[PDB]
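Provided below as structure tokens are two forms of one protein chain, presented individually as structure 1 and structure 2.
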Structure 1
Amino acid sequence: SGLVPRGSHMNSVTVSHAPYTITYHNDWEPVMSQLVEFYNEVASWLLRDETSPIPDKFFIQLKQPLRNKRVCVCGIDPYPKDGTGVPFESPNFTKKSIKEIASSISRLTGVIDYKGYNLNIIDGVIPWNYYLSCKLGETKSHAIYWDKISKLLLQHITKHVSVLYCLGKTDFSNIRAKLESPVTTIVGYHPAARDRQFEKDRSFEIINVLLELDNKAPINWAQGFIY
């Protein structure tokens, strides 16, 4: 209020294929020249098929600052269909993962009435997709293309966040992301997994415990609720 936005923290790079221009918050600058090289190597293979999300939305999460992030909530790749470029986001609130996440937070907070939930509007949380695209309707089908980019980006995230929360024990097998320093990590169940309500609920609960051990402020998960 009073200051006119001028995007002073937003940089951009050119790449050889769609989306041709990647814009990104300054906090990502240390990895972008490597990302450009990797993406130019592989973009041809990626763009052959219809993807979730569309190529113009591959990189929009890089607009998010990292210096104000203390939790990363990470799934393996986008929704097989209707990915928006924002991890876990479902505008019409139909995808099973974000509905299950909302139910968990509802049980943890006591919030009963809501119409949606979005991990991307929570102070201190960056929601993340390890792989930034999938072939339309086929989960993890673009693992081989994103491989080195995914390691690069996750490694950069874990230099900023205090807690990394991975969703899907099977999904995150063998990713080999070489982190530079060990970071507090929880590998929990997939949000759409069956019969593990208690452990899904409790996985979110422990994150704030872990943050306080690190002398970091808790997450207010209720900020994600859409009314």
Structure 2
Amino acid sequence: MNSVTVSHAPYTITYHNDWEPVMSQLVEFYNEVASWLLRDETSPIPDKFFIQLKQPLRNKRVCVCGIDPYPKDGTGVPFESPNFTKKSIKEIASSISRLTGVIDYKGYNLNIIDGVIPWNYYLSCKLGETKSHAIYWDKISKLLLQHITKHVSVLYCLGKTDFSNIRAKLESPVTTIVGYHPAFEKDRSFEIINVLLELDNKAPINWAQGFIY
């Protein structure tokens, strides 16, 4: 674990070594933009913007990616709903339920699954307003996704419209599935990932690991 300083909130950004190559420039960028961003009340709170950089990449082979945080109640961990109230994580969980067969769970969290990194493309939004901070995160979102793509061998993207042309942001031909936003083809997406992983000679994902009991 390392740490860097930025001019505006949250002042200190704590990151895992794997992200080193990218921080210098993330700081340049955030310093240009935080000024405005922070004038809006955000989801998540600024202290939580970057907590997912505390996550290692070395041990990750899938990235499950959505466009930006939940309009309200973002925790800084993508997809996470601690009280299991958010529509998107609940639907993901029904999906995983049906593949695995596990039907008696209490919640679900993509961020506790081995080899998986859940990700928000944009790192914050204005409270109640989806994609409202796209222009602030723009180059940062790109910088980071390219970095994640150097480590994972499958990028799974939720949202046909937004990620229709996600390839245009990438510097390699990484395997990329573009599914629907969480709103029965989704099942097929989580299983094809494992098919692809094996064909490519890699360990599959135990999606049942996400379950909270």
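Only residues modelled in both forms are compared. For residue numbers, the reference is structure 1: its sequence is counted from 1. Each form is matched to the other, and the largest set of C-alpha atoms that superpose within 1.5 Å is called the rigid core.
Visitor: For the list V31, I175, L62, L46, which one shows a CA move of 2 Å or more between structure 1 and structure 2 after the core is fit?
Guide: Correct option: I175.
Visitor: Fit the two forms on their core, then tell me the C-alpha shift of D214 between structure 1 and structure 2 in angstrom.
Guide: Superposing on the rigid core gives a C-alpha shift of 1.4 Å for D214.
Visitor: What parts move between structure 1 and structure 2 when you lay the two on the core: runs of 3+ residues, each CA off by 2 Å or more?
Guide: CA shift run, sole hit: 171-178.
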